[PDB]
file coords06.cif (mmCIF, N, CA, C and O atoms and all ligand atoms)
data_my_file
#
loop_
_atom_site.label_atom_id
_atom_site.label_comp_id
_atom_site.auth_asym_id
_atom_site.auth_seq_id
_atom_site.Cartn_x
_atom_site.Cartn_y
_atom_site.Cartn_z
N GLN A 23 73.42 -17.55 -121.75
CA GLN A 23 73.68 -18.54 -122.80
C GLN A 23 74.75 -18.07 -123.82
O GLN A 23 74.81 -18.55 -124.95
N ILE A 24 75.61 -17.14 -123.40
CA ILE A 24 76.67 -16.48 -124.20
C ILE A 24 78.06 -17.12 -123.95
O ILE A 24 79.09 -16.45 -123.99
N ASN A 25 78.09 -18.42 -123.63
CA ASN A 25 79.29 -19.20 -123.25
C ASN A 25 80.12 -18.52 -122.13
O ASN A 25 81.35 -18.49 -122.16
N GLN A 26 79.42 -17.92 -121.16
CA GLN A 26 79.98 -17.12 -120.07
C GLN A 26 80.44 -17.96 -118.87
O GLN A 26 80.17 -19.16 -118.77
N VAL A 27 81.17 -17.32 -117.95
CA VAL A 27 81.91 -17.95 -116.82
C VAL A 27 81.28 -17.64 -115.45
O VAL A 27 80.34 -16.84 -115.36
N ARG A 28 81.76 -18.28 -114.37
CA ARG A 28 81.24 -18.09 -113.00
C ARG A 28 81.92 -16.90 -112.29
O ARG A 28 83.13 -16.71 -112.46
N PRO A 29 81.20 -16.12 -111.46
CA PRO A 29 81.76 -15.05 -110.63
C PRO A 29 82.37 -15.58 -109.33
O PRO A 29 82.36 -16.79 -109.06
N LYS A 30 82.89 -14.68 -108.49
CA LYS A 30 83.42 -15.02 -107.17
C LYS A 30 82.26 -15.39 -106.23
O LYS A 30 81.15 -14.87 -106.36
N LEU A 31 82.49 -16.27 -105.26
CA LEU A 31 81.41 -16.89 -104.46
C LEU A 31 80.59 -15.89 -103.62
O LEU A 31 79.36 -15.97 -103.68
N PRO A 32 81.17 -14.88 -102.95
CA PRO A 32 80.38 -13.82 -102.31
C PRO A 32 79.56 -12.97 -103.29
O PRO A 32 78.45 -12.56 -102.95
N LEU A 33 80.00 -12.79 -104.55
CA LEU A 33 79.19 -12.14 -105.59
C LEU A 33 77.95 -12.98 -105.91
O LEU A 33 76.85 -12.45 -106.00
N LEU A 34 78.10 -14.30 -106.01
CA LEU A 34 76.99 -15.25 -106.20
C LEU A 34 76.03 -15.25 -105.00
O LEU A 34 74.81 -15.31 -105.20
N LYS A 35 76.52 -15.08 -103.76
CA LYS A 35 75.67 -14.85 -102.57
C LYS A 35 74.91 -13.51 -102.61
O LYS A 35 73.72 -13.50 -102.31
N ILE A 36 75.54 -12.42 -103.05
CA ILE A 36 74.87 -11.12 -103.26
C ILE A 36 73.78 -11.22 -104.35
O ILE A 36 72.69 -10.69 -104.18
N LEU A 37 74.03 -11.99 -105.42
CA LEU A 37 73.04 -12.29 -106.46
C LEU A 37 71.87 -13.13 -105.91
O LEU A 37 70.71 -12.81 -106.18
N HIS A 38 72.13 -14.14 -105.08
CA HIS A 38 71.08 -14.89 -104.36
C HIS A 38 70.26 -13.98 -103.42
O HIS A 38 69.04 -14.07 -103.40
N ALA A 39 70.91 -13.06 -102.70
CA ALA A 39 70.25 -12.09 -101.83
C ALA A 39 69.35 -11.10 -102.60
O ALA A 39 68.35 -10.62 -102.07
N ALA A 40 69.68 -10.83 -103.87
CA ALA A 40 68.86 -10.05 -104.79
C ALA A 40 67.62 -10.82 -105.31
O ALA A 40 66.81 -10.26 -106.06
N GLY A 41 67.46 -12.10 -104.95
CA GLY A 41 66.37 -12.99 -105.37
C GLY A 41 66.67 -13.82 -106.63
O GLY A 41 65.77 -14.50 -107.13
N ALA A 42 67.90 -13.79 -107.14
CA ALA A 42 68.32 -14.55 -108.33
C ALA A 42 68.75 -15.99 -108.01
O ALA A 42 69.00 -16.36 -106.86
N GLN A 43 68.91 -16.79 -109.07
CA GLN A 43 69.53 -18.12 -109.05
C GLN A 43 70.48 -18.23 -110.26
O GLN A 43 70.17 -17.72 -111.34
N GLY A 44 71.64 -18.86 -110.07
CA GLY A 44 72.66 -18.96 -111.12
C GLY A 44 73.97 -19.61 -110.70
O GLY A 44 74.22 -19.87 -109.52
N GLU A 45 74.82 -19.82 -111.70
CA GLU A 45 76.20 -20.30 -111.59
C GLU A 45 77.13 -19.44 -112.45
O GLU A 45 78.04 -18.80 -111.94
N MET A 46 76.86 -19.37 -113.76
CA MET A 46 77.56 -18.53 -114.74
C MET A 46 76.83 -17.19 -114.98
O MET A 46 75.60 -17.19 -115.11
N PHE A 47 77.56 -16.07 -115.06
CA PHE A 47 77.01 -14.72 -115.24
C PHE A 47 77.99 -13.78 -115.99
O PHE A 47 79.18 -13.76 -115.69
N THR A 48 77.49 -12.96 -116.92
CA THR A 48 78.24 -11.84 -117.54
C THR A 48 78.21 -10.60 -116.63
O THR A 48 77.40 -10.54 -115.70
N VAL A 49 79.01 -9.56 -116.91
CA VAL A 49 78.91 -8.28 -116.17
C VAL A 49 77.50 -7.69 -116.23
O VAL A 49 77.01 -7.17 -115.23
N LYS A 50 76.81 -7.84 -117.37
CA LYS A 50 75.42 -7.40 -117.58
C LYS A 50 74.41 -8.21 -116.75
O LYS A 50 73.56 -7.62 -116.08
N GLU A 51 74.55 -9.53 -116.72
CA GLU A 51 73.70 -10.42 -115.90
C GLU A 51 73.92 -10.19 -114.40
O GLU A 51 72.96 -10.19 -113.63
N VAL A 52 75.17 -9.93 -113.98
CA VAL A 52 75.48 -9.49 -112.60
C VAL A 52 74.80 -8.15 -112.30
O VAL A 52 74.12 -8.03 -111.29
N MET A 53 74.95 -7.16 -113.17
CA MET A 53 74.52 -5.78 -112.99
C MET A 53 73.01 -5.61 -112.86
O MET A 53 72.57 -4.82 -112.02
N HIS A 54 72.23 -6.36 -113.63
CA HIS A 54 70.76 -6.37 -113.51
C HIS A 54 70.33 -6.62 -112.05
O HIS A 54 69.57 -5.83 -111.48
N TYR A 55 70.84 -7.69 -111.44
CA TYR A 55 70.62 -8.01 -110.02
C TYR A 55 71.42 -7.14 -109.03
O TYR A 55 70.90 -6.86 -107.95
N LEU A 56 72.63 -6.66 -109.35
CA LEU A 56 73.43 -5.82 -108.43
C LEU A 56 72.84 -4.42 -108.26
O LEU A 56 72.78 -3.93 -107.13
N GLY A 57 72.35 -3.79 -109.33
CA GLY A 57 71.61 -2.53 -109.23
C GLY A 57 70.35 -2.69 -108.38
O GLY A 57 70.16 -1.96 -107.42
N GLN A 58 69.57 -3.74 -108.64
CA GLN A 58 68.41 -4.13 -107.83
C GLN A 58 68.78 -4.37 -106.35
O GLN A 58 68.05 -3.91 -105.47
N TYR A 59 69.90 -5.05 -106.08
CA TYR A 59 70.39 -5.33 -104.73
C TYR A 59 70.74 -4.03 -103.99
O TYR A 59 70.23 -3.76 -102.91
N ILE A 60 71.55 -3.17 -104.62
CA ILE A 60 71.96 -1.88 -104.05
C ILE A 60 70.74 -0.97 -103.82
O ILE A 60 70.66 -0.33 -102.77
N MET A 61 69.74 -0.99 -104.71
CA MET A 61 68.47 -0.26 -104.52
C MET A 61 67.62 -0.80 -103.36
O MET A 61 67.08 0.00 -102.60
N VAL A 62 67.48 -2.13 -103.20
CA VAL A 62 66.63 -2.74 -102.16
C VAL A 62 67.27 -2.74 -100.77
O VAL A 62 66.58 -2.66 -99.75
N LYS A 63 68.61 -2.78 -100.72
CA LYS A 63 69.42 -2.66 -99.49
C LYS A 63 69.83 -1.22 -99.17
O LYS A 63 70.22 -0.95 -98.03
N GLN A 64 69.72 -0.30 -100.14
CA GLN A 64 70.15 1.09 -100.06
C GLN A 64 71.63 1.23 -99.65
O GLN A 64 71.98 1.78 -98.61
N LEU A 65 72.53 0.72 -100.51
CA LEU A 65 73.99 0.71 -100.31
C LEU A 65 74.66 1.95 -100.94
O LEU A 65 75.88 2.02 -101.10
N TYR A 66 73.83 2.93 -101.32
CA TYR A 66 74.16 4.18 -102.00
C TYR A 66 73.66 5.38 -101.18
O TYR A 66 72.77 5.24 -100.34
N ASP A 67 74.20 6.57 -101.44
CA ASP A 67 73.65 7.81 -100.88
C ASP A 67 72.65 8.43 -101.88
O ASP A 67 72.99 8.63 -103.04
N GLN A 68 71.43 8.76 -101.43
CA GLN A 68 70.40 9.36 -102.29
C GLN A 68 70.86 10.63 -103.03
O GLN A 68 70.38 10.90 -104.14
N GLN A 69 71.77 11.41 -102.42
CA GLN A 69 72.20 12.71 -102.90
C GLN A 69 73.48 12.64 -103.77
O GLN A 69 73.80 13.58 -104.49
N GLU A 70 74.19 11.50 -103.70
CA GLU A 70 75.45 11.20 -104.38
C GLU A 70 75.43 9.74 -104.89
O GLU A 70 76.27 8.92 -104.53
N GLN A 71 74.46 9.42 -105.75
CA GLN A 71 74.28 8.07 -106.31
C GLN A 71 75.48 7.63 -107.17
O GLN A 71 75.70 6.44 -107.38
N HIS A 72 76.30 8.60 -107.59
CA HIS A 72 77.61 8.39 -108.22
C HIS A 72 78.63 7.72 -107.28
O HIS A 72 79.75 7.46 -107.72
N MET A 73 78.30 7.41 -106.02
CA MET A 73 79.09 6.57 -105.12
C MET A 73 78.24 5.45 -104.51
O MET A 73 77.06 5.63 -104.19
N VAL A 74 78.87 4.29 -104.31
CA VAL A 74 78.31 3.12 -103.61
C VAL A 74 79.29 2.70 -102.51
O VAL A 74 80.51 2.72 -102.72
N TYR A 75 78.78 2.31 -101.35
CA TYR A 75 79.56 2.11 -100.12
C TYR A 75 79.63 0.64 -99.66
O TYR A 75 79.33 0.32 -98.51
N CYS A 76 80.03 -0.27 -100.56
CA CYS A 76 80.07 -1.71 -100.27
C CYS A 76 81.18 -2.13 -99.28
O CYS A 76 81.28 -3.32 -98.98
N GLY A 77 81.99 -1.22 -98.73
CA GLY A 77 82.91 -1.52 -97.62
C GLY A 77 82.23 -2.10 -96.36
O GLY A 77 82.85 -2.86 -95.62
N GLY A 78 80.94 -1.80 -96.16
CA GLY A 78 80.08 -2.39 -95.12
C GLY A 78 79.33 -3.67 -95.53
O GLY A 78 78.49 -4.16 -94.78
N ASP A 79 79.60 -4.21 -96.72
CA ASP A 79 78.92 -5.36 -97.34
C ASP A 79 79.82 -6.62 -97.38
O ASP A 79 81.02 -6.54 -97.12
N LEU A 80 79.27 -7.77 -97.77
CA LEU A 80 80.04 -8.99 -98.08
C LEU A 80 81.12 -8.74 -99.15
O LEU A 80 82.22 -9.29 -99.06
N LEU A 81 80.85 -7.88 -100.13
CA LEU A 81 81.83 -7.46 -101.14
C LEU A 81 83.04 -6.76 -100.49
O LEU A 81 84.20 -7.06 -100.81
N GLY A 82 82.77 -5.90 -99.51
CA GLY A 82 83.77 -5.26 -98.65
C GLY A 82 84.51 -6.23 -97.74
O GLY A 82 85.73 -6.18 -97.67
N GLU A 83 83.82 -7.18 -97.09
CA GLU A 83 84.47 -8.15 -96.19
C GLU A 83 85.37 -9.14 -96.97
O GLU A 83 86.38 -9.60 -96.43
N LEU A 84 85.05 -9.40 -98.25
CA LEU A 84 85.89 -10.14 -99.18
C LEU A 84 87.13 -9.32 -99.61
O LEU A 84 88.26 -9.81 -99.49
N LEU A 85 86.95 -8.09 -100.13
CA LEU A 85 88.04 -7.32 -100.75
C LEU A 85 88.82 -6.45 -99.73
O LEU A 85 89.77 -5.76 -100.08
N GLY A 86 88.38 -6.40 -98.47
CA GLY A 86 88.84 -5.49 -97.42
C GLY A 86 88.25 -4.07 -97.53
O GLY A 86 88.07 -3.38 -96.52
N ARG A 87 87.90 -3.67 -98.76
CA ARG A 87 87.24 -2.41 -99.15
C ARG A 87 86.57 -2.58 -100.52
O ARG A 87 87.18 -3.12 -101.44
N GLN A 88 85.34 -2.11 -100.69
CA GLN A 88 84.65 -2.13 -101.99
C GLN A 88 83.75 -0.89 -102.15
O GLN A 88 82.74 -0.92 -102.84
N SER A 89 84.11 0.21 -101.48
CA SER A 89 83.45 1.51 -101.70
C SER A 89 84.15 2.24 -102.85
O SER A 89 85.38 2.26 -102.93
N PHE A 90 83.36 2.82 -103.75
CA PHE A 90 83.84 3.37 -105.03
C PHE A 90 82.90 4.42 -105.63
O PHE A 90 81.75 4.57 -105.20
N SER A 91 83.39 5.11 -106.66
CA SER A 91 82.59 6.01 -107.49
C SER A 91 82.38 5.47 -108.89
O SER A 91 83.30 4.97 -109.54
N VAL A 92 81.14 5.58 -109.34
CA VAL A 92 80.67 4.98 -110.58
C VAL A 92 81.09 5.73 -111.86
O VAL A 92 81.01 5.20 -112.96
N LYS A 93 81.58 6.97 -111.70
CA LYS A 93 82.04 7.86 -112.79
C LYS A 93 83.47 7.59 -113.30
O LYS A 93 83.90 8.20 -114.27
N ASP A 94 84.20 6.70 -112.62
CA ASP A 94 85.62 6.41 -112.84
C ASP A 94 85.82 4.92 -113.24
O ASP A 94 86.04 4.07 -112.38
N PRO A 95 85.70 4.58 -114.54
CA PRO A 95 85.70 3.20 -115.03
C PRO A 95 87.02 2.44 -114.84
O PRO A 95 86.99 1.21 -114.70
N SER A 96 88.18 3.11 -114.79
CA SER A 96 89.49 2.44 -114.66
C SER A 96 89.68 1.67 -113.34
O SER A 96 89.93 0.46 -113.40
N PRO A 97 89.52 2.28 -112.14
CA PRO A 97 89.60 1.54 -110.88
C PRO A 97 88.43 0.55 -110.71
O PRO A 97 88.60 -0.51 -110.11
N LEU A 98 87.26 0.84 -111.30
CA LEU A 98 86.10 -0.03 -111.28
C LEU A 98 86.36 -1.33 -112.06
O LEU A 98 86.06 -2.42 -111.56
N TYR A 99 86.99 -1.26 -113.23
CA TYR A 99 87.42 -2.43 -113.99
C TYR A 99 88.42 -3.30 -113.20
O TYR A 99 88.30 -4.52 -113.20
N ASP A 100 89.35 -2.68 -112.47
CA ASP A 100 90.32 -3.39 -111.62
C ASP A 100 89.63 -4.20 -110.51
O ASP A 100 89.97 -5.36 -110.29
N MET A 101 88.63 -3.61 -109.84
CA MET A 101 87.80 -4.32 -108.86
C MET A 101 86.98 -5.46 -109.49
O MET A 101 87.02 -6.60 -109.02
N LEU A 102 86.27 -5.18 -110.59
CA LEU A 102 85.48 -6.16 -111.35
C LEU A 102 86.33 -7.38 -111.73
O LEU A 102 85.95 -8.49 -111.39
N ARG A 103 87.53 -7.18 -112.28
CA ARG A 103 88.50 -8.22 -112.63
C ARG A 103 88.91 -9.14 -111.47
O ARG A 103 89.42 -10.24 -111.72
N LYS A 104 88.69 -8.72 -110.21
CA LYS A 104 88.88 -9.52 -108.99
C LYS A 104 87.58 -10.16 -108.46
O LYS A 104 87.68 -11.16 -107.75
N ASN A 105 86.40 -9.64 -108.80
CA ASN A 105 85.11 -10.13 -108.27
C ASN A 105 84.29 -10.96 -109.28
O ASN A 105 83.54 -11.85 -108.88
N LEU A 106 84.46 -10.74 -110.58
CA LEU A 106 83.95 -11.57 -111.67
C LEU A 106 85.18 -12.17 -112.38
O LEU A 106 85.92 -11.47 -113.07
N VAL A 107 85.42 -13.47 -112.16
CA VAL A 107 86.64 -14.16 -112.64
C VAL A 107 86.72 -14.12 -114.17
O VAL A 107 85.78 -14.52 -114.86
N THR A 108 87.84 -13.62 -114.70
CA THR A 108 88.07 -13.44 -116.15
C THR A 108 89.57 -13.50 -116.49
O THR A 108 90.42 -13.79 -115.64
N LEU A 109 89.87 -13.23 -117.76
CA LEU A 109 91.20 -13.05 -118.33
C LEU A 109 91.78 -11.67 -117.93
O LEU A 109 91.54 -11.19 -116.82
N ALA A 110 92.53 -11.03 -118.83
CA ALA A 110 93.21 -9.75 -118.63
C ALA A 110 94.34 -9.76 -117.57
O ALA A 110 94.55 -10.73 -116.84
N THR A 111 95.09 -8.65 -117.51
CA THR A 111 96.26 -8.40 -116.64
C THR A 111 97.27 -9.55 -116.62
O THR A 111 97.91 -9.85 -117.65
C1 LIG B 201 80.60 -2.54 -115.85
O1 LIG B 201 79.93 -2.92 -114.63
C2 LIG B 201 79.48 -1.94 -113.78
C3 LIG B 201 80.01 -1.86 -112.50
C4 LIG B 201 79.60 -0.85 -111.64
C5 LIG B 201 78.60 0.04 -112.03
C6 LIG B 201 77.95 -0.12 -113.27
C7 LIG B 201 76.60 0.55 -113.53
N1 LIG B 201 76.49 1.97 -113.12
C8 LIG B 201 75.45 2.17 -112.40
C9 LIG B 201 75.19 3.51 -111.77
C10 LIG B 201 75.84 4.62 -112.33
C11 LIG B 201 75.62 5.91 -111.85
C12 LIG B 201 74.73 6.12 -110.80
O2 LIG B 201 74.46 7.38 -110.30
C13 LIG B 201 74.92 8.60 -110.93
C14 LIG B 201 74.10 5.03 -110.22
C15 LIG B 201 74.34 3.73 -110.67
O3 LIG B 201 73.72 2.70 -109.99
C16 LIG B 201 74.20 2.24 -108.70
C17 LIG B 201 73.83 3.22 -107.57
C18 LIG B 201 73.55 0.87 -108.45
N2 LIG B 201 74.60 1.03 -112.28
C19 LIG B 201 73.27 0.85 -112.15
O4 LIG B 201 72.83 -0.22 -111.74
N3 LIG B 201 72.40 1.82 -112.54
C20 LIG B 201 72.69 2.88 -113.53
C21 LIG B 201 71.55 3.08 -114.54
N4 LIG B 201 70.25 3.24 -113.88
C22 LIG B 201 69.95 2.70 -112.69
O5 LIG B 201 68.86 2.92 -112.21
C23 LIG B 201 71.01 1.83 -112.00
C24 LIG B 201 75.41 -0.11 -112.75
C25 LIG B 201 75.88 -1.09 -111.66
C26 LIG B 201 76.14 -0.69 -110.34
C27 LIG B 201 76.79 -1.57 -109.47
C28 LIG B 201 77.22 -2.82 -109.91
CL1 LIG B 201 78.15 -3.84 -108.87
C29 LIG B 201 76.97 -3.21 -111.23
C30 LIG B 201 76.29 -2.35 -112.07
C31 LIG B 201 78.45 -1.08 -114.16
#
call {"tool": "encode", "arguments": {"input": "coords06.cif", "output": "structure tokens"}}
result
Amino acid sequence: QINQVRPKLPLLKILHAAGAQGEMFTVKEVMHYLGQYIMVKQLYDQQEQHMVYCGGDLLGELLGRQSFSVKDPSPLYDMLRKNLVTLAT
């Protein structure tokens, strides 16, 4: 209810697969369900949780690659800006 916008359609399918329902979502509203999705699907390595391997996911089939490290916010913001539709650049 923060006058927020809609994400990319495969992101909305990943949110539905997490058990959610929606149209408009913030990065925080996405993340609540995306952390839950990655945990229930196990899209991470138990020993290196600082990486997620979405290149094998719908996020990967959309972007051609979506495997990344969570410790590096700059390339992560560049990916987010393509998967959650917004301003910038
Ligand atoms: C700005 O938007 C973000 C984008 C990417 C990452 C983050 C955040 N970084 C981590 C996280 C960080 C470190 C880590 O391990 C060292 C594990 C993490 O969780 C993933 C494995 C799900 N995320 C988590 O969900 N967490 C971190 C906090 N505690 C948890 O149990 C789960 C967030 C996340 C992950 C993926 C997405 Cl698509 C969205 C949100 C925010």
call {"tool": "residues_around", "arguments": {"input": "coords06.cif", "residues": "segment 62-73 of chain A", "least_positions_apart": "6", "cutoff": "6 Å", "atoms": "only N, CA, C and O atoms", "output": "number ranges by chain"}}
result
A: 90-93
call {"tool": "closest_atom_pairs", "arguments": {"input": "coords06.cif", "of": "chain A", "to": "ligand LIG 201 (chain B)", "cutoff": "12 Å", "atoms": "only C-alpha atoms and all ligand atoms", "output": "tab-separated table"}}
result
residue	atom	partner	partner_atom	distance
A:29	CA	B:LIG201	CL1	11.9
A:33	CA	B:LIG201	CL1	9.0
A:34	CA	B:LIG201	CL1	11.8
A:36	CA	B:LIG201	CL1	9.8
A:37	CA	B:LIG201	CL1	10.2
A:40	CA	B:LIG201	CL1	11.9
A:48	CA	B:LIG201	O1	9.5
A:49	CA	B:LIG201	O1	5.7
A:50	CA	B:LIG201	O1	7.0
A:51	CA	B:LIG201	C29	9.2
A:52	CA	B:LIG201	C29	6.6
A:53	CA	B:LIG201	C29	4.0
A:54	CA	B:LIG201	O4	6.7
A:55	CA	B:LIG201	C29	8.1
A:56	CA	B:LIG201	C28	5.1
A:57	CA	B:LIG201	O4	3.6
A:58	CA	B:LIG201	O4	7.1
A:59	CA	B:LIG201	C18	7.9
A:60	CA	B:LIG201	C18	5.4
A:61	CA	B:LIG201	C18	6.5
A:62	CA	B:LIG201	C18	10.0
A:63	CA	B:LIG201	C18	10.5
A:64	CA	B:LIG201	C17	8.6
A:65	CA	B:LIG201	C17	7.7
A:66	CA	B:LIG201	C17	5.7
A:67	CA	B:LIG201	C17	8.1
A:68	CA	B:LIG201	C17	8.8
A:69	CA	B:LIG201	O2	9.4
A:70	CA	B:LIG201	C13	7.1
A:71	CA	B:LIG201	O2	4.1
A:72	CA	B:LIG201	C13	3.8
A:73	CA	B:LIG201	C17	6.7
A:74	CA	B:LIG201	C17	6.0
A:75	CA	B:LIG201	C17	9.5
A:76	CA	B:LIG201	CL1	9.1
A:79	CA	B:LIG201	CL1	11.7
A:81	CA	B:LIG201	CL1	9.3
A:82	CA	B:LIG201	CL1	11.7
A:88	CA	B:LIG201	CL1	9.6
A:89	CA	B:LIG201	CL1	10.4
A:90	CA	B:LIG201	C4	8.9
A:91	CA	B:LIG201	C11	8.2
A:92	CA	B:LIG201	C10	5.1
A:93	CA	B:LIG201	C11	6.8
A:94	CA	B:LIG201	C4	9.5
A:95	CA	B:LIG201	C1	7.7
A:96	CA	B:LIG201	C1	10.3
A:97	CA	B:LIG201	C3	10.3
A:98	CA	B:LIG201	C3	6.5
A:99	CA	B:LIG201	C1	7.1
A:100	CA	B:LIG201	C3	10.5
A:101	CA	B:LIG201	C3	8.9
A:102	CA	B:LIG201	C3	7.1
A:103	CA	B:LIG201	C1	10.2
A:105	CA	B:LIG201	CL1	9.4
A:106	CA	B:LIG201	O1	10.0
call {"tool": "atom_distance", "arguments": {"input": "coords06.cif", "atom1": "atom O of residue 107 of chain A", "atom2": "atom O of residue 77 of chain A"}}
result
22.7 Å
call {"tool": "select_by_dssp", "arguments": {"input": "coords06.cif", "residues": "chain A", "states": "helix (DSSP H, G or I)", "output": "VMD selection string"}}
result
chain A and resid 31 to 39 49 to 63 76 to 78 80 to 85 95 to 105
call {"tool": "closest_residue", "arguments": {"input": "coords06.cif", "among": "A:27, A:32, A:43, A:111", "to": "residue 84 of chain A", "atoms": "all atoms listed in the file"}}
result
A:32
call {"tool": "atom_distance", "arguments": {"input": "coords06.cif", "atom1": "atom C of residue 104 of chain A", "atom2": "atom CA of residue 47 of chain A"}}
result
13.4 Å
call {"tool": "axis_aligned_box", "arguments": {"input": "coords06.cif", "around": "segment 62-75 of chain A", "padding_each_side": "8 Å", "output": "AutoDock Vina command-line options"}}
result
--center_x 73.5 --center_y 5.4 --center_z -103.1 --size_x 29.9 --size_y 32.4 --size_z 26.2
call {"tool": "atom_distance", "arguments": {"input": "coords06.cif", "atom1": "atom C of residue 86 of chain A", "atom2": "atom C of residue 41 of chain A"}}
result
25.4 Å
call {"tool": "select_by_dssp", "arguments": {"input": "coords06.cif", "residues": "chain A", "states": "strand (DSSP E or B)", "output": "list in words"}}
result
residues 66, 67, 70, 71, 72, 73, 74, 75, 89, 90 and 91 of chain A
call {"tool": "decode", "arguments": {"input": "coords06.cif", "residues": "segment 33-44 of chain A", "atoms": "N, CA, C and O atoms", "output": "PDB file, in the first residue's frame"}}
result
ATOM      1  N   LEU A  33       9.017 -13.026 -12.460  1.00  0.00           N
ATOM      2  CA  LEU A  33       9.161 -12.734 -11.022  1.00  0.00           C
ATOM      3  C   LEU A  33       7.821 -12.928 -10.295  1.00  0.00           C
ATOM      4  O   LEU A  33       7.774 -13.552  -9.241  1.00  0.00           O
ATOM      5  N   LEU A  34       6.717 -12.475 -10.897  1.00  0.00           N
ATOM      6  CA  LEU A  34       5.355 -12.683 -10.382  1.00  0.00           C
ATOM      7  C   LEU A  34       4.969 -14.177 -10.367  1.00  0.00           C
ATOM      8  O   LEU A  34       4.345 -14.635  -9.412  1.00  0.00           O
ATOM      9  N   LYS A  35       5.421 -14.978 -11.344  1.00  0.00           N
ATOM     10  CA  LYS A  35       5.293 -16.456 -11.319  1.00  0.00           C
ATOM     11  C   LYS A  35       6.120 -17.114 -10.205  1.00  0.00           C
ATOM     12  O   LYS A  35       5.601 -17.987  -9.516  1.00  0.00           O
ATOM     13  N   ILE A  36       7.352 -16.670  -9.955  1.00  0.00           N
ATOM     14  CA  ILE A  36       8.183 -17.128  -8.822  1.00  0.00           C
ATOM     15  C   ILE A  36       7.525 -16.779  -7.473  1.00  0.00           C
ATOM     16  O   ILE A  36       7.498 -17.604  -6.562  1.00  0.00           O
ATOM     17  N   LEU A  37       6.906 -15.599  -7.359  1.00  0.00           N
ATOM     18  CA  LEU A  37       6.122 -15.190  -6.185  1.00  0.00           C
ATOM     19  C   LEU A  37       4.865 -16.064  -6.000  1.00  0.00           C
ATOM     20  O   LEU A  37       4.598 -16.523  -4.889  1.00  0.00           O
ATOM     21  N   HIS A  38       4.140 -16.391  -7.078  1.00  0.00           N
ATOM     22  CA  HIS A  38       3.031 -17.363  -7.034  1.00  0.00           C
ATOM     23  C   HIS A  38       3.504 -18.765  -6.611  1.00  0.00           C
ATOM     24  O   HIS A  38       2.860 -19.400  -5.774  1.00  0.00           O
ATOM     25  N   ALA A  39       4.659 -19.228  -7.104  1.00  0.00           N
ATOM     26  CA  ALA A  39       5.259 -20.510  -6.716  1.00  0.00           C
ATOM     27  C   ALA A  39       5.676 -20.554  -5.233  1.00  0.00           C
ATOM     28  O   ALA A  39       5.663 -21.622  -4.617  1.00  0.00           O
ATOM     29  N   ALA A  40       5.993 -19.396  -4.643  1.00  0.00           N
ATOM     30  CA  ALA A  40       6.248 -19.243  -3.211  1.00  0.00           C
ATOM     31  C   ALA A  40       4.963 -19.289  -2.346  1.00  0.00           C
ATOM     32  O   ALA A  40       5.044 -19.222  -1.117  1.00  0.00           O
ATOM     33  N   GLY A  41       3.779 -19.384  -2.971  1.00  0.00           N
ATOM     34  CA  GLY A  41       2.466 -19.406  -2.313  1.00  0.00           C
ATOM     35  C   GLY A  41       1.798 -18.031  -2.160  1.00  0.00           C
ATOM     36  O   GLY A  41       0.755 -17.936  -1.506  1.00  0.00           O
ATOM     37  N   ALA A  42       2.370 -16.969  -2.741  1.00  0.00           N
ATOM     38  CA  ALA A  42       1.829 -15.609  -2.677  1.00  0.00           C
ATOM     39  C   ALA A  42       0.773 -15.320  -3.764  1.00  0.00           C
ATOM     40  O   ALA A  42       0.625 -16.060  -4.741  1.00  0.00           O
ATOM     41  N   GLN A  43       0.076 -14.193  -3.609  1.00  0.00           N
ATOM     42  CA  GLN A  43      -0.809 -13.588  -4.611  1.00  0.00           C
ATOM     43  C   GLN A  43      -0.526 -12.077  -4.650  1.00  0.00           C
ATOM     44  O   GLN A  43      -0.280 -11.458  -3.610  1.00  0.00           O
ATOM     45  N   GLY A  44      -0.532 -11.483  -5.845  1.00  0.00           N
ATOM     46  CA  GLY A  44      -0.207 -10.068  -6.025  1.00  0.00           C
ATOM     47  C   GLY A  44      -0.149  -9.585  -7.471  1.00  0.00           C
ATOM     48  O   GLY A  44      -0.197 -10.366  -8.422  1.00  0.00           O
TER      49      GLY A  44
END
